[PDB]
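Overview (structure and organization)
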Amino acid sequence: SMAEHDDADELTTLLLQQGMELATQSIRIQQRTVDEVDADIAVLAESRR
Amino acid sequence: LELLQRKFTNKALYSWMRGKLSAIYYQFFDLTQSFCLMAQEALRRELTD
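Residues numbered from 1 in each chain as written, not as in the entry; some residues may be left out. Chains lettered and ligands numbered in written order. Part of a larger assembly, values for the part shown. Heavy atoms only, no water.

Under the annotation held in the PDB entry, chain B carries the name A component of insecticidal toxin complex (Tc) and is attributed to Xenorhabdus nematophila. Here the entry title, as the record gives it, is "Xenorhabdus nematophilus XptA2 RBD C Chimera".

Looking at the PDB entry, chain A carries the name A component of insecticidal toxin complex (Tc), with the source organism given as Xenorhabdus nematophila.

1. What to know about the overall build of chain B
Of regular secondary structure, chain B possesses 2 helices and 0 strands. Viewed in the frame of its principal axes, chain B has a C-alpha envelope of about 65 × 10 × 10 Å. Across the 49 residues of chain B, 2% fall into the buried class. Carbon and sulfur atoms make up 64% of the accessible area of chain B, which totals about 5,100 Å². Taking the average location of the 7 positive side-chain charges in chain B and that of its 5 negative ones, the two points are 17 Å from each other. (Helix = DSSP H or I, 4+ residues; strand = E, 2+ residues; numbered from the N terminus. Buried < 20%, exposed > 50% of the residue type's maximum accessible area, 1.4 Å probe, protein only. Areas by Shrake-Rupley, 256 points an atom, 1.4 Å probe, with all protein chains shown as cover. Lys, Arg positive; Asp, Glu negative; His and termini not counted. Charge placed at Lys NZ, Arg CZ, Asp CG, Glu CD.)

2. Some remarks on the overall build of chain A
The secondary structure content of chain A amounts to 1 helix and 0 strands. Oriented by its inertia axes, the alpha-carbon framework of chain A measures out at about 75 × 10 × 5 Å. A total of 49 residues make up chain A; the buried ones form 2% of that total. Entry remark: accessible area of chain A is about 4,700 Å², with carbon and sulfur atoms responsible for 59%. In chain A, which carries 4 positive and 11 negative side-chain charges, the distance between the mean positions of the two groups comes to 25 Å.

3. Here's the deal with the interface of chain B and chain A
Listed by partner, the interface residues are 5 residues for chain B and 6 residues for chain A. Between chain B and chain A, the buried area comes to about 490 Å², and carbon and sulfur atoms account for 66% of it. At the boundary of chain B and chain A, one finds 0 salt bridges. Considering only residue class, the side of chain B that touches chain A consists of 3 nonpolar, 1 polar and 1 charged. (Contact = heavy atoms within 4.5 Å. Buried area = accessible area lost by both parts, 1.4 Å probe. Salt bridge = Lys/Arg side-chain N within 4 Å of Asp/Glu carboxyl O. Nonpolar A, V, L, I, M, F, W, Y, C, P; charged D, E, K, R; others polar.)

4. Overview of unusual backbone geometry
In terms of backbone geometry, most residues other than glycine have negative phi values and most peptide bonds are trans. Even without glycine at this site, B:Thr48 takes up a positive phi of about 55°. Within the secondary structure, B:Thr48 is located in the segment after α2 (11-47).

Written out as structure tokens, the structure reads:
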């Protein structure tokens, strides 16, 4: 029984670490999206000129 | 998946464990039935029926 519980805990820890690094990559993706929106604003400024 | 395969309680451990238990159960059932039969014979002798 103790071995089973330990193995389950180890699996949970591994899942958490993987989720952490995926979250970091998501941060980067969202920053890139913001940059794209800024570029669109620049295009609009040129058209208005 | 790789972590799951290297677990202490992997598939092989459970398979061997339940196979050994199945063999033990199979023999123990015969032993217990023989014991119950001799107990019934003792009761029959006691009641003379």
